[PDB]
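Asks: Pasting a structure here, questions to come.
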Amino acid sequence: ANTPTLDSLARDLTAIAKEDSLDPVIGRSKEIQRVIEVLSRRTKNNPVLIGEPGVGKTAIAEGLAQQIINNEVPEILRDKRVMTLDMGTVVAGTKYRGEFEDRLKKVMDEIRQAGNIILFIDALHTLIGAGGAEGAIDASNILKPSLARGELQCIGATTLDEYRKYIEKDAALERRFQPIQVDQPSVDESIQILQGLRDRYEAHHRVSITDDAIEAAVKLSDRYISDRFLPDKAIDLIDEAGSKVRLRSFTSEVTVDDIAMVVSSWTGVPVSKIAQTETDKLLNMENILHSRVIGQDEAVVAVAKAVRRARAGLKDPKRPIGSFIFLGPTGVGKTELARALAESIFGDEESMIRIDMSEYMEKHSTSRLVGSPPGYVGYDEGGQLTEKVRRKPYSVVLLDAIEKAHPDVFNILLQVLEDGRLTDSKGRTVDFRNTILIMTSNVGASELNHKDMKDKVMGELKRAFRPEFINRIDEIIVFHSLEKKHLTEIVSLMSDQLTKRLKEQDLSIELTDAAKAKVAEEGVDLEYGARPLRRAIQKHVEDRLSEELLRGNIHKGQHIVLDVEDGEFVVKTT
Amino acid sequence: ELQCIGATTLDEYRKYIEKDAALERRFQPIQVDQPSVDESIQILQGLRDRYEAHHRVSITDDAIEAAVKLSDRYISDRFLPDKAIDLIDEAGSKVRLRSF
Ligand SMILES: Nc1ncnc2c1ncn2[C@@H]1O[C@H](COP(=O)(O)OP(=O)(O)O)[C@@H](O)[C@H]1O
Ligand SMILES: Nc1ncnc2c1ncn2[C@@H]1O[C@H](COP(=O)(O)OP(=O)(O)O)[C@@H](O)[C@H]1O
């Protein structure tokens, strides 16, 4: 009473479990016991493991195979062979009338002449598709009569959304299968997982693994990788480190630096950001800021103090890290401070989720923010801000021109400031926990000694919008008077950037501070913001490159100095 | 113990991972992309020997850089270094037939 075909096309977990070739199974005791409890029934023994990819469903199947041989089952499963199978391997051919149904009939005929096979199907949400879609002899329409009478015994393994989508075929498929929810393990659970089988990858790679190594593996896989679960991520980082260390040994100990190195190579943040700033990024974040940001030093030290206060603090993790509103004119540095801190908080930022609330002018415009109802226009994706954060829920949100919101949105804002994690989507609850909500404010420029401006702007907020609203917001970062010498300073910074760019193109330009001063005076007016300066320096540099390359007056490789010696830009190339 | 290597495209790799059930766990992606328009020059300069031997001609390196610079620009149908290698071989046969 043996099974030729089923053994030919389905791996026998029991057989390779005899040989101790199977890796250990750690934890999951409650889940495996529940699996056995379901398998012990008489009519529908089939459990369907519902979780997320990479959580350890197949690990639970392996553990069950283990406990079978290791005399752990309650003698109703004693000597029963677990066989993993995949329908994809079964089908293998569709251009012919009945080949597939023939394979599956053979398989059923072997399950008959046996009692010890419990066929573990991975991703049985694909058990309904084969052959005709929903009106012909698919796989399910021939499994169901056997499944309902205990003829066949099974262990399915789906994903939650696949269960929800492909148990709309309820009638048979649901009642034939009992769900067993398996959830992804926590940090500590996963650390113990790893400590279970460190002596497997150690023996495979002949490399030594430390405990802080796997701690960093788990912490890193959580912080810097998403769209992948545990213990998958962890064991994968560990094994990648094992292989890479083995190679480096040729042309014997994995440590946290290697874990950082593999995570960096995966996601793209540099290694210096991951490892060394792990608890000192807040220690030098003010240095990072005052490097990237020039001016408004009082504002930047206020922000630094607030973020390190919330950072090395006991604040409720649930609600968002920082709620700051910048009062000031435009062009004073609102975005630069944001990008700088984000680059210092979430290293290598590219993360400021900017939203212009002046675009969400009116009442119904808030549906553009959250999304349309189901039976209405533009509902499928929608959710500008909601989908934006749902994508990467680890960043810094900047909301431009908070004033221009109709009062309809301030409600959503205060809900967010009420512990975040707002459910403002088509059934999606987005979480704003590690984020930082920042709001570009109104003019507020007229009020801008220190205490005077302060009381003024507080009253302007009283008159402007709710006191309760700012009672929600943490800090009021005031963007003081426009730049006077910081003008020339930011000219210098941009020109340093542009000189680097011009140098890597095999040139060298050095503009003296007199020309910098002239560009400063021209570019930005006293009333106007400091933004056109970008354009001003662009036009001057494009003119000089245009003329000098067109005229040919200059030769490549000769340093280029600009001055205002004649009252105009004079270029002395030599 | 069937450890193997796979060579497909991107979209066909998507067609593959749509079998993630039993095949995502085992396989692994390795993105392999065009050599630089600069790198291709050293590629050819390294392998220009074999063809010039085959056709009993010789290939100047300016001809190689020019072939690369016309391949990346004026053909665009295929990819590096296939473009340039094909051009090298078509020239190394045309000139041969021109001689004999
Ligand atoms: N408790 C555990 N015991 C053994 N392996 C585990 C455990 N938890 C996670 N894993 C590892 O996670 C990886 C993927 O788990 P698996 O169940 O195959 O994902 P999926 O649920 O998509 O099949 C496996 O390589 C497995 O070794
Ligand atoms: N404190 C500052 N330090 C460095 N650069 C600044 C500072 N304030 C403004 N800038 C410059 O202003 C420009 C940013 O303009 P932008 O942020 O779009 O203005 P706004 O925030 O009003 O929209 C950047 O080029 C930046 O160099």
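Residues are named by chain letter and number: chains run A, B, ... in the order of the structure tokens, numbers start at 1 in each chain, and ligands are numbered from 1 in the order shown.
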Could you list, with a cut-off of 8 Å and counting only C-alpha atoms, the residues of chain A near chain B, each shown with its nearest atom pair and the distance in Å rounded to one decimal, rows sorted by chain and ascending number, as a Markdown table?
Replies:
| residue | atom | partner | partner_atom | distance |
| --- | --- | --- | --- | --- |
| A:86 | CA | B:22 | CA | 6.8 |
| A:88 | CA | B:19 | CA | 7.5 |
| A:122 | CA | B:21 | CA | 6.3 |
| A:123 | CA | B:21 | CA | 5.9 |
Asks: Would you mind listing what lies within 8 Å of stretch 309-326 of chain A as a list in words, with only C-alpha atoms counted and same-chain residues fewer than 5 positions away left out?
Replies: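 The filter keeps residues 282, 334, 417, 418, 419, 420, 421, 432, 433, 434, 435, 436, 437, 438, 439, 440, 441, 473, 474, 475, 476, 477, 478 and 479 of chain A.
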Asks: At what distance in Å, to one decimal, does atom CA of residue A:82 lie from atom CA of residue A:39?
Replies: 11.9 Å
Asks: In Å, with one decimal, what is the gap from atom CA of residue A:382 to atom CA of residue A:370?
Replies: 7.3 Å
Asks: Between atom CA of residue A:178 and atom CA of residue A:33, what is the distance in Å, rounded to a tenth?
Replies: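 Going from atom CA of residue A:178 over to atom CA of residue A:33 covers 14.2 Å.
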Asks: For ligand 2, collect every residue having any atom at a distance of at most 8 Å from a ligand atom (counting only C-alpha atoms and all ligand atoms); output as a ChimeraX atom specification.
Replies: /A:290,292-297,329-337,440,486,490,493-494,529-531,533-534
Asks: Kindly export the residues of the current selection with C-alpha atoms, as a CSV table (one decimal), in the first residue's frame.
Replies:
chain,number,residue,atom,x,y,z
A,290,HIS,CA,23.5,73.6,11.9
A,292,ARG,CA,22.6,71.8,6.6
A,293,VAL,CA,20.7,74.8,8.0
A,294,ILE,CA,22.2,78.3,8.3
A,295,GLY,CA,20.4,80.9,10.3
A,296,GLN,CA,17.4,80.8,12.6
A,297,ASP,CA,19.7,79.2,15.2
A,329,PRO,CA,7.6,84.0,6.3
A,330,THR,CA,8.2,81.7,3.3
A,331,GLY,CA,11.7,81.0,2.2
A,332,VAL,CA,13.1,81.4,5.7
A,333,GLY,CA,14.1,77.7,5.8
A,334,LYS,CA,10.9,75.7,6.4
A,335,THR,CA,11.7,72.9,4.1
A,336,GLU,CA,15.5,72.9,4.7
A,337,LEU,CA,15.1,72.4,8.4
A,440,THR,CA,3.8,75.2,7.5
A,486,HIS,CA,22.8,84.5,6.1
A,490,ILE,CA,23.5,80.5,1.8
A,493,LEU,CA,26.7,77.1,0.4
A,494,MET,CA,24.8,76.8,-2.9
A,529,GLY,CA,11.4,85.2,0.0
A,530,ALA,CA,14.9,83.8,-0.5
A,531,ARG,CA,13.8,81.3,-3.1
A,533,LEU,CA,18.3,83.2,-5.4
A,534,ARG,CA,18.5,79.7,-6.7
Asks: Check every protein, DNA and RNA residue against ligand 1, keep those with an atom at most 7 Å away (counting only C-alpha atoms and all ligand atoms), and present them as a ChimeraX atom specification.
Replies: /A:23-28,52-60,193,230-232,235 /B:25
Asks: Just the residues within 6 Å of stretch 69-73 of chain B, please, counting only C-alpha atoms, with nothing from its chain fewer than 2 positions along; format it as a compact mmCIF listing (two decimals) with N, CA, C and O atoms, in the first residue's frame.
Replies:
# COMPACT_ATOMS: atom_id res chain seq x y z
N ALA B 66 34.03 53.94 -31.50
CA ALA B 66 33.03 54.49 -32.40
C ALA B 66 31.85 53.54 -32.57
O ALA B 66 30.70 53.97 -32.62
N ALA B 67 32.14 52.24 -32.67
CA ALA B 67 31.06 51.26 -32.75
C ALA B 67 30.19 51.31 -31.51
O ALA B 67 28.96 51.25 -31.61
N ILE B 75 20.93 52.69 -32.73
CA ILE B 75 20.24 51.43 -33.02
C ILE B 75 19.16 51.16 -31.98
O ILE B 75 18.00 50.94 -32.34
N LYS B 83 25.01 44.86 -29.01
CA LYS B 83 25.05 45.79 -30.13
C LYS B 83 26.46 45.90 -30.68
O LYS B 83 26.72 45.61 -31.85
N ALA B 84 27.39 46.33 -29.83
CA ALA B 84 28.73 46.62 -30.29
C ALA B 84 29.44 45.37 -30.78
O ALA B 84 30.19 45.42 -31.75
Asks: Might you pull out every residue within 12 Å of stretch 46-50 of chain B, with only C-alpha atoms counted and same-chain residues fewer than 2 positions away left off, and present them as a PyMOL selection string?
Replies: chain B and resi 39-44+52-61+63-65+81+84-89+91-92
Asks: Can you pull out the residues contacting stretch 265-275 of chain A? Cut-off 8 Å, using only C-alpha atoms, and skip same-chain residues under 2 positions away; I want them as a ChimeraX atom specification.
Replies: /A:224-225,257,260-263,277-278,347-348
Asks: Could you tell me, as a PyMOL selection string, which residues of stretch 450-536 of chain A DSSP assigns to alpha helix (DSSP H) when given the backbone?
Replies: chain A and resi 450-464+467-472+486-504+513-523+532-536
Asks: Can you list, as a ChimeraX atom specification, every protein, DNA or RNA residue that comes within 12 Å of residue B:6 when you count only C-alpha atoms, leaving out same-chain residues fewer than 6 positions away?
Replies: /B:12-13,16,26-32
Asks: Can you tell me, as a list in words, what residues are no more than 10 Å from residue A:16 when counting only C-alpha atoms, ignoring any on the same chain fewer than 5 positions away?
Replies: residues 11, 21, 22, 65 and 66 of chain A
Asks: Selected residues, N, CA and C atoms, written as a CSV table (one decimal), in the first residue's frame, please.
Replies:
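Written output follows (selection_20.csv):
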chain,number,residue,atom,x,y,z
A,11,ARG,N,7.3,16.2,-1.7
A,11,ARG,CA,8.3,15.9,-0.8
A,11,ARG,C,7.8,15.3,0.5
A,21,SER,N,17.3,15.6,9.1
A,21,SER,CA,17.8,16.6,8.2
A,21,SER,C,17.0,17.9,8.3
A,22,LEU,N,15.8,17.9,9.0
A,22,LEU,CA,15.0,19.0,9.1
A,22,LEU,C,15.5,19.9,10.2
A,65,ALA,N,5.6,17.3,11.5
A,65,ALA,CA,6.3,16.2,11.1
A,65,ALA,C,7.3,15.7,12.1
A,66,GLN,N,8.0,16.6,12.8
A,66,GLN,CA,8.9,16.3,13.8
A,66,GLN,C,8.2,15.5,14.9
Asks: Using only C-alpha atoms, which of the listed residues (A:62, A:20, A:240, A:286) sits closest to residue A:298?
Replies: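 Between A:62, A:20, A:240, A:286, the residue approaching residue A:298 most closely is A:286.
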Asks: From a DSSP pass on the backbone, collect the residues of stretch 257-499 of chain A flagged as strand (DSSP E) and hand them back as a PyMOL selection string.
Replies: chain A and resi 322-327+352-356+396-400+436-440+475-478
Asks: Please produce a file of those selected residues containing N, CA, C and O atoms, as a CSV table (one decimal), in the first residue's frame.
Replies:
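part.csv was written with the following content:
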chain,number,residue,atom,x,y,z
A,322,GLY,N,6.7,64.1,17.1
A,322,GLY,CA,6.8,65.5,17.2
A,322,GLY,C,5.7,66.3,16.4
A,322,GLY,O,5.5,66.0,15.2
A,323,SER,N,5.1,67.2,17.1
A,323,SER,CA,4.0,68.1,16.4
A,323,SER,C,4.6,69.5,16.5
A,323,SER,O,4.4,70.2,17.5
A,324,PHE,N,5.1,70.0,15.4
A,324,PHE,CA,5.7,71.3,15.4
A,324,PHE,C,5.1,72.1,14.3
A,324,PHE,O,4.7,71.6,13.2
A,325,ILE,N,4.8,73.4,14.6
A,325,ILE,CA,4.3,74.3,13.6
A,325,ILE,C,5.3,75.4,13.5
A,325,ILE,O,5.7,76.1,14.5
A,326,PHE,N,5.8,75.7,12.2
A,326,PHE,CA,6.7,76.8,12.0
A,326,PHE,C,6.0,78.1,11.6
A,326,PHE,O,5.4,78.1,10.6
A,327,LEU,N,6.0,79.1,12.5
A,327,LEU,CA,5.5,80.4,12.2
A,327,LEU,C,6.6,81.2,11.6
A,327,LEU,O,7.7,81.3,12.1
A,352,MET,N,10.4,63.6,3.4
A,352,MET,CA,9.4,64.7,3.8
A,352,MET,C,8.2,64.5,2.9
A,352,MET,O,8.2,64.9,1.7
A,353,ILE,N,7.1,64.0,3.4
A,353,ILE,CA,5.8,63.8,2.7
A,353,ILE,C,5.1,65.1,2.7
A,353,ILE,O,4.3,65.4,3.5
A,354,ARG,N,5.4,65.9,1.7
A,354,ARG,CA,4.9,67.3,1.6
A,354,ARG,C,3.4,67.3,1.1
A,354,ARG,O,3.1,66.6,0.1
A,355,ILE,N,2.6,68.1,1.7
A,355,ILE,CA,1.2,68.2,1.3
A,355,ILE,C,0.9,69.7,1.3
A,355,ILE,O,1.1,70.4,2.4
A,356,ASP,N,0.4,70.3,0.2
A,356,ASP,CA,0.0,71.7,0.1
A,356,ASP,C,-1.5,71.8,0.5
A,356,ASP,O,-2.3,71.5,-0.4
A,396,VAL,N,8.8,61.9,7.8
A,396,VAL,CA,8.4,63.2,8.4
A,396,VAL,C,7.4,63.8,7.5
A,396,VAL,O,7.7,64.1,6.3
A,397,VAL,N,6.2,64.1,8.0
A,397,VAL,CA,5.1,64.7,7.2
A,397,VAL,C,5.3,66.2,7.3
A,397,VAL,O,5.3,66.7,8.4
A,398,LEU,N,5.3,66.9,6.2
A,398,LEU,CA,5.2,68.4,6.2
A,398,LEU,C,3.9,68.8,5.5
A,398,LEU,O,3.7,68.3,4.3
A,399,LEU,N,3.1,69.5,6.1
A,399,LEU,CA,1.8,69.9,5.6
A,399,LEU,C,1.9,71.4,5.4
A,399,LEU,O,1.9,72.2,6.3
A,400,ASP,N,1.9,71.8,4.1
A,400,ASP,CA,2.1,73.2,3.7
A,400,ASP,C,0.8,74.0,3.9
A,400,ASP,O,-0.3,73.6,3.7
A,436,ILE,N,6.8,62.4,12.2
A,436,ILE,CA,6.8,63.8,12.8
A,436,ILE,C,5.9,64.6,11.9
A,436,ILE,O,6.1,64.8,10.7
A,437,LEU,N,4.8,65.1,12.5
A,437,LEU,CA,3.8,66.0,11.8
A,437,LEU,C,4.3,67.4,12.0
A,437,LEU,O,4.4,67.9,13.1
A,438,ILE,N,4.6,68.1,10.9
A,438,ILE,CA,5.0,69.4,10.9
A,438,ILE,C,4.1,70.2,10.0
A,438,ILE,O,3.7,69.7,8.9
A,439,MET,N,3.7,71.5,10.4
A,439,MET,CA,2.8,72.3,9.6
A,439,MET,C,3.4,73.6,9.2
A,439,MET,O,3.8,74.4,10.1
A,440,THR,N,3.6,73.9,7.9
A,440,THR,CA,3.8,75.2,7.5
A,440,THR,C,2.6,76.1,7.8
A,440,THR,O,1.5,75.7,7.5
A,475,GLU,N,5.0,72.2,19.6
A,475,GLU,CA,5.9,73.4,19.6
A,475,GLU,C,5.6,74.4,18.5
A,475,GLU,O,5.1,74.1,17.4
A,476,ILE,N,5.9,75.6,18.8
A,476,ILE,CA,5.8,76.8,18.0
A,476,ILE,C,7.2,77.3,17.6
A,476,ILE,O,7.8,78.0,18.4
A,477,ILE,N,7.7,76.9,16.4
A,477,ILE,CA,9.0,77.2,16.0
A,477,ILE,C,8.9,78.4,15.1
A,477,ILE,O,8.4,78.4,14.0
A,478,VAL,N,9.4,79.6,15.6
A,478,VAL,CA,9.2,80.8,14.9
A,478,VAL,C,10.4,81.1,14.0
A,478,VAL,O,11.5,81.0,14.4
